[PDB]
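Taken together, the values in this text are just the output of simple stated rules run on the coordinates, not laboratory data. Backbone-built Cβ (ideal geometry, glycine too); neighbour counts: all protein chains shown.
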Amino acid sequence: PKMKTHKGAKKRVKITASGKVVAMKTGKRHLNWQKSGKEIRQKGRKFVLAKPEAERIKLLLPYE
Amino acid sequence: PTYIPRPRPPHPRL
Amino acid sequence: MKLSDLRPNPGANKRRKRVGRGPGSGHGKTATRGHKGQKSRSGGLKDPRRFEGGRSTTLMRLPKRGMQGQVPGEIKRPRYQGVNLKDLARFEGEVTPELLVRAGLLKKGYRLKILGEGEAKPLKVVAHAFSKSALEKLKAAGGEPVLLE
Amino acid sequence: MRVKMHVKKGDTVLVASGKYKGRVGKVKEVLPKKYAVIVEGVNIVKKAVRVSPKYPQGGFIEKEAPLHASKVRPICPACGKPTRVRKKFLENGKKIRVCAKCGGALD
Amino acid sequence: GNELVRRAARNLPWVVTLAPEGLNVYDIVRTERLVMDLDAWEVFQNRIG
RNA sequence: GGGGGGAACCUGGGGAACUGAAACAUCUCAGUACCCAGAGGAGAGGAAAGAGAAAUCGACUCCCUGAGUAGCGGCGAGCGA
RNA sequence: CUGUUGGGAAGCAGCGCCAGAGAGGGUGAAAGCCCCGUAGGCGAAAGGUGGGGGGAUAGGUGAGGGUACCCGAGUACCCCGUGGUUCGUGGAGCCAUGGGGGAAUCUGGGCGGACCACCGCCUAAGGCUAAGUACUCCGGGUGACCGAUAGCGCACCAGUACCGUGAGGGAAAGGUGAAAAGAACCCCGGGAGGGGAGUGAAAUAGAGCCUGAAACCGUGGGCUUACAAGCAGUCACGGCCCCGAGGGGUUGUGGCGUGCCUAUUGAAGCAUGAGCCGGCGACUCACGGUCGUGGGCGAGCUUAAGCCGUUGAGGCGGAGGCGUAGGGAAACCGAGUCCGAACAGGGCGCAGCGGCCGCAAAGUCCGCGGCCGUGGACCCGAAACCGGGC
RNA sequence: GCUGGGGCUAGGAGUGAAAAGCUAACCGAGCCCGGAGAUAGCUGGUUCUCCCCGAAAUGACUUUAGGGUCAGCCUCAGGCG
RNA sequence: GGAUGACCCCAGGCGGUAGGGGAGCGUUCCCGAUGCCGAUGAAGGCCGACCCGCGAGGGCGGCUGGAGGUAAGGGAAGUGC
RNA sequence: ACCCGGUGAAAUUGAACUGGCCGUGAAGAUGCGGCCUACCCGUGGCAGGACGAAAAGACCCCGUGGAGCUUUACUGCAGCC
Ligand SMILES: [Mg+2]
Ligand SMILES: [Mg+2]
Ligand SMILES: [Mg+2]
Ligand SMILES: [Mg+2]
Ligand SMILES: [Mg+2]
Ligand SMILES: [Mg+2]
Ligand SMILES: [Mg+2]
Ligand SMILES: [Mg+2]
Ligand SMILES: [Mg+2]
Ligand SMILES: [Mg+2]
Ligand SMILES: [Mg+2]
Ligand SMILES: [Mg+2]
Ligand SMILES: [Mg+2]
Ligand SMILES: [Mg+2]
Ligand SMILES: [Mg+2]
Ligand SMILES: [Mg+2]
Ligand SMILES: [Mg+2]
Ligand SMILES: [Mg+2]
Ligand SMILES: [Mg+2]
Ligand SMILES: [Mg+2]
Ligand SMILES: [Mg+2]
Ligand SMILES: [Mg+2]
Ligand SMILES: [Mg+2]
Ligand SMILES: [Mg+2]
Ligand SMILES: [Mg+2]
Ligand SMILES: [Mg+2]
Ligand SMILES: [Mg+2]
Ligand SMILES: [Mg+2]
Ligand SMILES: [Mg+2]
Ligand SMILES: [Mg+2]
Ligand SMILES: [Mg+2]
Ligand SMILES: [Mg+2]
Ligand SMILES: [Mg+2]
Ligand SMILES: [Mg+2]
Ligand SMILES: [Mg+2]
Ligand SMILES: [Mg+2]
Ligand SMILES: [Mg+2]
Ligand SMILES: [Mg+2]
Ligand SMILES: [Mg+2]
Ligand SMILES: [Mg+2]
Ligand SMILES: [Mg+2]
Ligand SMILES: [Mg+2]
Ligand SMILES: [Mg+2]
Ligand SMILES: [Mg+2]
Ligand SMILES: [Mg+2]
Ligand SMILES: [Mg+2]
Ligand SMILES: [Mg+2]
Ligand SMILES: [Mg+2]
Ligand SMILES: [Mg+2]
Ligand SMILES: [Mg+2]
Ligand SMILES: [Mg+2]
Ligand SMILES: [Mg+2]
Ligand SMILES: [Mg+2]
Ligand SMILES: [Mg+2]
Ligand SMILES: [Mg+2]
Ligand SMILES: [Mg+2]
Ligand SMILES: [Mg+2]
Ligand SMILES: [Mg+2]
Ligand SMILES: [Mg+2]
Ligand SMILES: [Mg+2]
Ligand SMILES: [Mg+2]
Ligand SMILES: [Mg+2]
Ligand SMILES: [Mg+2]
Ligand SMILES: [Mg+2]
Ligand SMILES: [Mg+2]
Ligand SMILES: [Mg+2]
Ligand SMILES: [Mg+2]
Ligand SMILES: [Mg+2]
Ligand SMILES: [Mg+2]
Ligand SMILES: [Mg+2]
Ligand SMILES: [Mg+2]
Ligand SMILES: [Mg+2]
Ligand SMILES: [Mg+2]
Ligand SMILES: [Mg+2]
Ligand SMILES: [Mg+2]
Ligand SMILES: [Mg+2]
Ligand SMILES: [Mg+2]
Ligand SMILES: [Mg+2]
Ligand SMILES: [Mg+2]
Ligand SMILES: [Mg+2]
Ligand SMILES: [Mg+2]
Ligand SMILES: [Mg+2]
Ligand SMILES: [Mg+2]
Ligand SMILES: [Mg+2]
Ligand SMILES: [Mg+2]
Ligand SMILES: [Mg+2]
Ligand SMILES: [Mg+2]
Ligand SMILES: [Mg+2]
Ligand SMILES: [Mg+2]
Ligand SMILES: [Mg+2]
Ligand SMILES: [Mg+2]
Ligand SMILES: [Mg+2]
Ligand SMILES: [Mg+2]
Ligand SMILES: [Mg+2]
Ligand SMILES: [Mg+2]
Ligand SMILES: [Mg+2]
Ligand SMILES: [Mg+2]
Ligand SMILES: [Mg+2]
Ligand SMILES: [Mg+2]
Ligand SMILES: [Mg+2]
Ligand SMILES: [Mg+2]
Ligand SMILES: [Mg+2]
Ligand SMILES: [Mg+2]
Ligand SMILES: [Mg+2]
Ligand SMILES: [Mg+2]
Ligand SMILES: [Mg+2]
Ligand SMILES: [Mg+2]
Ligand SMILES: [Mg+2]
Ligand SMILES: [Mg+2]
Ligand SMILES: [Mg+2]
Ligand SMILES: [Mg+2]
Ligand SMILES: [Mg+2]
Ligand SMILES: [Mg+2]
Ligand SMILES: [Mg+2]
Ligand SMILES: [Mg+2]
Ligand SMILES: [Mg+2]
Ligand SMILES: [Mg+2]
Ligand SMILES: [Mg+2]
Ligand SMILES: [Mg+2]
Ligand SMILES: [Mg+2]
Ligand SMILES: [Mg+2]
Ligand SMILES: [Mg+2]
Ligand SMILES: [Mg+2]
Ligand SMILES: [Mg+2]
Ligand SMILES: [Mg+2]
Ligand SMILES: [Mg+2]
Ligand SMILES: [Mg+2]
Ligand SMILES: [Mg+2]
Ligand SMILES: [Mg+2]
Ligand SMILES: [Mg+2]
Ligand SMILES: [Mg+2]
Ligand SMILES: [Mg+2]
Ligand SMILES: [Mg+2]
Ligand SMILES: [Mg+2]
Ligand SMILES: [Mg+2]
Ligand SMILES: [Mg+2]
Ligand SMILES: [Mg+2]
Ligand SMILES: [Mg+2]
Ligand SMILES: [Mg+2]
Ligand SMILES: [Mg+2]
Ligand SMILES: [Mg+2]
Ligand SMILES: [Mg+2]
Ligand SMILES: [Mg+2]
Ligand SMILES: [Mg+2]
Ligand SMILES: [Mg+2]
Ligand SMILES: [Mg+2]
Ligand SMILES: [Mg+2]
Ligand SMILES: [Mg+2]
Ligand SMILES: [Mg+2]
Ligand SMILES: [Mg+2]
Ligand SMILES: [Mg+2]
Ligand SMILES: [Mg+2]
Ligand SMILES: [Mg+2]
Ligand SMILES: [Mg+2]
Ligand SMILES: [Mg+2]
Ligand SMILES: [Mg+2]
Ligand SMILES: [Mg+2]
Ligand SMILES: [Mg+2]
Ligand SMILES: [Mg+2]
Ligand SMILES: [Mg+2]
Ligand SMILES: [Mg+2]
Ligand SMILES: [Mg+2]
Ligand SMILES: [Mg+2]
Ligand SMILES: [Mg+2]
Ligand SMILES: [Mg+2]
Ligand SMILES: [Mg+2]
Ligand SMILES: [Mg+2]
Ligand SMILES: [Mg+2]
Ligand SMILES: [Mg+2]
Ligand SMILES: [Mg+2]
Ligand SMILES: [Mg+2]
Ligand SMILES: [Mg+2]
Ligand SMILES: [Mg+2]
Ligand SMILES: [Mg+2]
Ligand SMILES: [Mg+2]
Ligand SMILES: [Mg+2]
Ligand SMILES: [Mg+2]
Ligand SMILES: [Mg+2]
Ligand SMILES: [Mg+2]
Ligand SMILES: [Mg+2]
Ligand SMILES: [Mg+2]
Ligand SMILES: [Mg+2]
Ligand SMILES: [Mg+2]
Ligand SMILES: [Mg+2]
Ligand SMILES: [Mg+2]
Ligand SMILES: [Mg+2]
Ligand SMILES: [Mg+2]
Ligand SMILES: [Mg+2]
Ligand SMILES: [Mg+2]
Ligand SMILES: [Mg+2]
Ligand SMILES: [Mg+2]
Ligand SMILES: [Mg+2]
Ligand SMILES: [Mg+2]
Ligand SMILES: [Mg+2]
Ligand SMILES: [Mg+2]
Ligand SMILES: [Mg+2]
Ligand SMILES: [Mg+2]
Ligand SMILES: [Mg+2]
Ligand SMILES: [Mg+2]
Ligand SMILES: [Mg+2]
Ligand SMILES: [Mg+2]
Ligand SMILES: [Mg+2]
Ligand SMILES: [Mg+2]
Ligand SMILES: [Mg+2]
Ligand SMILES: [Mg+2]
Ligand SMILES: [Mg+2]
Ligand SMILES: [Mg+2]
Ligand SMILES: [Mg+2]
Ligand SMILES: [Mg+2]
Ligand SMILES: [Mg+2]
Ligand SMILES: [Mg+2]
Ligand SMILES: [Mg+2]
Ligand SMILES: [Mg+2]
Ligand SMILES: [Mg+2]
Ligand SMILES: [Mg+2]
Ligand SMILES: [Mg+2]
Ligand SMILES: [Mg+2]
Ligand SMILES: [Mg+2]
Ligand SMILES: [Mg+2]
Ligand SMILES: [Mg+2]
Ligand SMILES: [Mg+2]
Ligand SMILES: [Mg+2]
Ligand SMILES: [Mg+2]
Ligand SMILES: [Mg+2]
Ligand SMILES: [Zn+2]
């Protein structure tokens, strides 16, 4: 049968126009009181996955 | 393959 | 050209890779599978797109973001699809949404929005929306944007 | 429903192939369920018989072997030729075999 | 498309017989010559239009 | 008039586990296997107390598409209009 | 039709002929014209069907104004416990309902995803309904389906023989020859079996029958071997035998030499497997994906189910899919967008070759190949778990 | 007490002067058919020929340690030079 | 060199397990085939000290066998123990 | 048991042209080295070796295998309140 999208991926990741995989930075869900402003500020940004990890995740989004 | 003759018990090597 | 002349171009009908057929092929015995792992077995490994040996996977340690939805699902909204001015270069006289679907530019079920990239042309252009730039380009080139709803 | 026999018992046939090609003879017998016939004086073979009543002193006897019924072709009793068999409907509604070279009746 | 003419040439071991709607390249290539109506040629012109 | 039979097919009444989740309980396998009742050359369904946003459509059944979409989910594995 | 080789003509040779029929199977080998057929036509008293054509019957079909009589009850509806749906308690509606309570008759009632209002949609608690859909015990047609270890378990007297108390399990086994002409008769022998005779084109086609491989056993012949140390061979020379400046067979002496596979850091290994031979025996298919590749078309490419044709003919069908724009959680904006007060910064984005024509190319469709996902997914193998039976 | 004939009780069930004994010649859960080609990160096995190249037994993480994911190391194609 | 494998010359590389890549052989089946080989002998078998090929193999010859077999070029796989 | 007449198995078995010592070797050699010894083939006997046969070690460990059993392990269910 045809492949199914991995919904965990689609809820976490976007394939950009040239095919990069973009995620949200980890590590500011909680435990934030002592964290620097520089730390939280930078962790609110998107980020690009390393090539090997991106291309696995891309295979889980076959119909984007 | 009628009857399966069970094999002798081994020597106790304990 | 008779039948005994009909031939595929070189490289069109490659042969297959038959494994497990002797020493000389170089693909025999273990069938290019190596030795004795889970991957060597019939059935082999878990989905190598996800599984990482039992550790929390690269994907699952990443945060989720945005509205994912909730039952009963997608809320029906007016949809817009953009078409750049440069795409309209072929037509003359009039341009409507139904016309651009026939040209293969505007997928059905979408409302038409004209965009800026390109050059306007003295054309009557009927659409559900225009960008600031497409509006400026159009009027300045003699075109007549008629905003429909 | 029945094995088809373009040739019946008692009519004259030419033997068209085999060791006895050319021969002519009366169909002595027809064995349908073996698709074959017996022509008078054709396909003779030598059969060992035992010393026993009806055959004392024993030895051998001649018997006519069966020919494959396709090797035989009837000879028209009017133009005297070998022929294929046509069919013709008489006014009685009934049907007879008729020669193909001329138009004679083979019955 | 002549029903009558195709009946005539059916049984020849050197003629493949065909209607214009059935014109196919495998049958054009497995034969040495090609013969068409002006009617069937008109039909061929439509299909490769 | 019934009763019994009929390879598969069909509707109803009941209804697992291995297994997958690289352990497991929710989840999966699956309303599957299987048991039972009934039916027929088919069965079921069927003429809107419907859809669901079109100021629309117009019974049901079946195939294509919609769509691996909308969603559902120890938001895991997966499930899936 | 004739001639010719032949046991046999249908082969080959000469001269013809039919064809709406040159599908195919037979006949002594290879046949359009010998046979059975094929194309094309014809056919039912009787029973079955009859969805088409026809007729019959049942049945059907107005407009205002009044009236407020009727419009499906332990029902709707609410709550409790559950099921169904994509919906796993979720903001959880809808449909169904085991328990409690329990209405109304159109100014009645249900629904549009809690709930309320507005705006709509629909009329529950009686029943019936062809066709398009599914299956294949049965009949027929057709295979880039099997060919007797295959194909159904069974080509054959097979769900048999045999096994099991029983449920249940479950085989092996096809072929003389064109034709039985299936070997009279005589010889040895108790018979079996053979030797003659005979049949046949052929009898090492003789029924223990086509072909008749290999392991395995034997008879005969050539070389060789009873002072010799061996993974059995290989290299060299010599002798003998055979074929007829060479080759084949054999091996006396001298040289060298640790089986195969498997698993291993490492095996001749005293680690695994295999008595030997023959046959069966393991990386595939489908749909999706991702690269690559051969072509078609190119800001475009392409159809699915169906429909018409064909009877190994192709065509129609544009629904829909991918691509032509991205950015953002989204509202939204757009060659930009998002963060931000920002005209700041930054993230993710945006832009062919010769001579208008030619080549090419985004892309997309198909074929092919590698690899991936989903399925048993390279093949064989558990101990177990569950269901219904015995 | 022994024994013939006729009967009843069975699969998480029976029966047991108790040995987890026995329930049709192997019972800490009978047998058959079925789910079913269960699952087996384990062991075994995997078949024609020639040509070029040619590894690893390390690192991180891992209910992980004889299994994996990413990297390192091999190969092919295209591009750079 | 000649003119894009047409062959010649010169130079260099060519141990190999896991494994990557390339080129071939053979099996069954289809098109080619209403053809062609075939009783003056098909396939299969048994020899060969002969011919071609690096090899897998392919020829050719003799015996056996007695009725099938199938080219150049392509196509598809139940394809080699 | 032995000999003669009659009938005639078996597990096992890579092939075998299958000697000693001292060494060597994956660490216990008929098969490697160096020596020593030894004409060819049996029959009745004995069991030191062929790491002899038989049984894919029960012990032990490994497997995110299984099964019985236990409890103030977890989570349910019958039963009872
Ligand atoms: Mg998720
Ligand atoms: Mg996102
Ligand atoms: Mg937060
Ligand atoms: Mg600090
Ligand atoms: Mg700070
Ligand atoms: Mg901030
Ligand atoms: Mg899509
Ligand atoms: Mg290849
Ligand atoms: Mg192919
Ligand atoms: Mg191959
Ligand atoms: Mg090989
Ligand atoms: Mg290799
Ligand atoms: Mg393997
Ligand atoms: Mg592999
Ligand atoms: Mg392996
Ligand atoms: Mg390995
Ligand atoms: Mg290994
Ligand atoms: Mg292995
Ligand atoms: Mg290993
Ligand atoms: Mg491995
Ligand atoms: Mg791997
Ligand atoms: Mg398996
Ligand atoms: Mg597995
Ligand atoms: Mg989250
Ligand atoms: Mg969404
Ligand atoms: Mg009559
Ligand atoms: Mg014809
Ligand atoms: Mg023809
Ligand atoms: Mg032709
Ligand atoms: Mg009944
Ligand atoms: Mg049911
Ligand atoms: Mg139950
Ligand atoms: Mg379970
Ligand atoms: Mg399973
Ligand atoms: Mg379980
Ligand atoms: Mg599991
Ligand atoms: Mg598991
Ligand atoms: Mg477990
Ligand atoms: Mg379920
Ligand atoms: Mg049900
Ligand atoms: Mg019934
Ligand atoms: Mg029907
Ligand atoms: Mg009904
Ligand atoms: Mg009604
Ligand atoms: Mg699921
Ligand atoms: Mg489900
Ligand atoms: Mg003669
Ligand atoms: Mg003749
Ligand atoms: Mg002639
Ligand atoms: Mg015909
Ligand atoms: Mg024919
Ligand atoms: Mg025949
Ligand atoms: Mg011929
Ligand atoms: Mg022939
Ligand atoms: Mg014929
Ligand atoms: Mg014929
Ligand atoms: Mg007809
Ligand atoms: Mg007819
Ligand atoms: Mg009233
Ligand atoms: Mg009502
Ligand atoms: Mg309600
Ligand atoms: Mg409720
Ligand atoms: Mg539910
Ligand atoms: Mg619910
Ligand atoms: Mg849950
Ligand atoms: Mg929830
Ligand atoms: Mg709900
Ligand atoms: Mg209720
Ligand atoms: Mg109302
Ligand atoms: Mg009301
Ligand atoms: Mg309601
Ligand atoms: Mg409501
Ligand atoms: Mg509604
Ligand atoms: Mg409604
Ligand atoms: Mg009603
Ligand atoms: Mg009905
Ligand atoms: Mg019906
Ligand atoms: Mg129906
Ligand atoms: Mg049938
Ligand atoms: Mg075959
Ligand atoms: Mg055949
Ligand atoms: Mg047989
Ligand atoms: Mg059989
Ligand atoms: Mg055979
Ligand atoms: Mg076979
Ligand atoms: Mg076979
Ligand atoms: Mg049968
Ligand atoms: Mg069988
Ligand atoms: Mg029986
Ligand atoms: Mg029998
Ligand atoms: Mg018995
Ligand atoms: Mg019995
Ligand atoms: Mg059999
Ligand atoms: Mg016969
Ligand atoms: Mg016979
Ligand atoms: Mg013959
Ligand atoms: Mg007979
Ligand atoms: Mg006597
Ligand atoms: Mg005798
Ligand atoms: Mg004798
Ligand atoms: Mg005799
Ligand atoms: Mg002869
Ligand atoms: Mg012979
Ligand atoms: Mg013979
Ligand atoms: Mg024969
Ligand atoms: Mg024989
Ligand atoms: Mg024999
Ligand atoms: Mg001898
Ligand atoms: Mg001496
Ligand atoms: Mg001597
Ligand atoms: Mg020398
Ligand atoms: Mg010599
Ligand atoms: Mg010599
Ligand atoms: Mg020597
Ligand atoms: Mg070997
Ligand atoms: Mg080992
Ligand atoms: Mg070891
Ligand atoms: Mg050894
Ligand atoms: Mg040894
Ligand atoms: Mg051992
Ligand atoms: Mg060994
Ligand atoms: Mg081992
Ligand atoms: Mg082994
Ligand atoms: Mg052994
Ligand atoms: Mg042997
Ligand atoms: Mg073998
Ligand atoms: Mg593969
Ligand atoms: Mg592909
Ligand atoms: Mg492609
Ligand atoms: Mg194209
Ligand atoms: Mg198109
Ligand atoms: Mg803002
Ligand atoms: Mg910017
Ligand atoms: Mg930038
Ligand atoms: Mg092009
Ligand atoms: Mg292309
Ligand atoms: Mg891959
Ligand atoms: Mg499967
Ligand atoms: Mg498989
Ligand atoms: Mg696979
Ligand atoms: Mg259990
Ligand atoms: Mg369980
Ligand atoms: Mg049970
Ligand atoms: Mg039961
Ligand atoms: Mg008593
Ligand atoms: Mg008693
Ligand atoms: Mg009794
Ligand atoms: Mg009792
Ligand atoms: Mg009982
Ligand atoms: Mg009872
Ligand atoms: Mg019972
Ligand atoms: Mg039990
Ligand atoms: Mg149990
Ligand atoms: Mg109990
Ligand atoms: Mg007692
Ligand atoms: Mg029993
Ligand atoms: Mg017992
Ligand atoms: Mg058991
Ligand atoms: Mg148990
Ligand atoms: Mg028992
Ligand atoms: Mg059963
Ligand atoms: Mg299953
Ligand atoms: Mg399976
Ligand atoms: Mg398991
Ligand atoms: Mg295991
Ligand atoms: Mg090298
Ligand atoms: Mg952990
Ligand atoms: Mg461990
Ligand atoms: Mg492991
Ligand atoms: Mg790697
Ligand atoms: Mg490197
Ligand atoms: Mg060289
Ligand atoms: Mg090189
Ligand atoms: Mg070298
Ligand atoms: Mg090499
Ligand atoms: Mg080949
Ligand atoms: Mg072709
Ligand atoms: Mg043909
Ligand atoms: Mg000839
Ligand atoms: Mg002859
Ligand atoms: Mg001959
Ligand atoms: Mg052959
Ligand atoms: Mg063959
Ligand atoms: Mg040869
Ligand atoms: Mg031959
Ligand atoms: Mg033939
Ligand atoms: Mg061929
Ligand atoms: Mg070829
Ligand atoms: Mg195979
Ligand atoms: Mg004596
Ligand atoms: Mg004796
Ligand atoms: Mg005896
Ligand atoms: Mg034996
Ligand atoms: Mg040997
Ligand atoms: Mg030896
Ligand atoms: Mg010796
Ligand atoms: Mg030492
Ligand atoms: Mg040592
Ligand atoms: Mg030693
Ligand atoms: Mg020695
Ligand atoms: Mg050695
Ligand atoms: Mg040696
Ligand atoms: Mg040595
Ligand atoms: Mg020694
Ligand atoms: Mg020595
Ligand atoms: Mg000594
Ligand atoms: Mg002795
Ligand atoms: Mg001893
Ligand atoms: Mg003794
Ligand atoms: Mg010993
Ligand atoms: Mg011993
Ligand atoms: Mg031992
Ligand atoms: Mg042993
Ligand atoms: Mg085992
Ligand atoms: Mg073991
Ligand atoms: Mg054991
Ligand atoms: Mg241990
Ligand atoms: Mg253990
Ligand atoms: Mg554990
Ligand atoms: Mg583990
Ligand atoms: Mg466990
Ligand atoms: Mg347990
Ligand atoms: Mg249990
Ligand atoms: Mg109590
Ligand atoms: Zn006549």
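Does C:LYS76 meet the test of being among the basic types (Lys, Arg), within 16 Å of ligand 3 (Cβ to nearest atom) and on the phi < 0 side of the Ramachandran plot?
no
Can you tell me which residue within the range A:1-25, out of those that are touching a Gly at 6+ places or on another chain (Cβ under 9 Å) and not hydrophobic (A, V, I, L, M, F, W, C), is nearest to the other protein chains (Cβ to nearest Cβ)?
A:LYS11
For A:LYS28, state whether it is surrounded by 14 or more Cβ atoms within 10 Å (Cβ to Cβ), within 14 Å of another protein chain (Cβ to nearest Cβ) and not in a loop (DSSP other than H, G, I, E, B).
No: the conditions fail for A:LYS28.
Please specify each residue of the range C:109-120 satisfying the condition of being crowded, with 19+ Cβ neighbours inside 10 Å and part of a loop (DSSP other than H, G, I, E, B).
C:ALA120
What number of residues in the range A:32-52 are within 19 Å of C:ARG65 (Cα to Cα) and either touching a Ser or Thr at 6+ places or on another chain (Cβ under 7 Å) or part of a loop (DSSP other than H, G, I, E, B) (or both)?
4
So, C:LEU99, is that one part of a helix (DSSP H, G or I) and away from chain A (no Cβ under 14 Å) or not?
yes
I'd like the full set of residues that are surrounded by 10 or more Cβ atoms within 10 Å (Cβ to Cβ), without any contact (Cβ under 8 Å) to a residue 40 or more places away in the chain and assigned to a loop (DSSP other than H, G, I, E, B), limited to the range A:1-25.
Of everything in the range A:1-25, those that are surrounded by 10 or more Cβ atoms within 10 Å (Cβ to Cβ), without any contact (Cβ under 8 Å) to a residue 40 or more places away in the chain and assigned to a loop (DSSP other than H, G, I, E, B) turn out to be A:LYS11, A:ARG12, A:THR16, A:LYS20, A:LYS25.
Report every pair of residues separated by at least 6 positions or lying on different chains whose Cβ atoms are under 6 Å apart, first residue within the range C:12-35 and β-branched (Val, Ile, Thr), second within 6 Å of RNA strand I (Cβ to nearest atom).
Note: pairs meeting the criteria are C:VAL19/C:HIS27; C:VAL19/C:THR32.
Would you confirm whether any residue within the range C:59-82 is of a type in the set (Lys, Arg) and either within 16 Å of ligand 19 (Cβ to nearest atom) or not in a loop (DSSP other than H, G, I, E, B) (or both)?
no
I need every pair where a residue in the range A:40-64 that is within 12 Å of chain C (Cβ to nearest Cβ) and of a type in the set (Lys, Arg) has its Cβ under 8 Å from the Cβ of a residue that is outside any helix (DSSP H, G or I) and surrounded by fewer than 12 Cβ atoms within 10 Å (Cβ to Cβ), sequence separation at least 6 or different chains.
If the second residue must be outside any helix (DSSP H, G or I) and surrounded by fewer than 12 Cβ atoms within 10 Å (Cβ to Cβ), the pairs left are A:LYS43/A:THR26; A:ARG56/C:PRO48; A:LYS58/A:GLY19.
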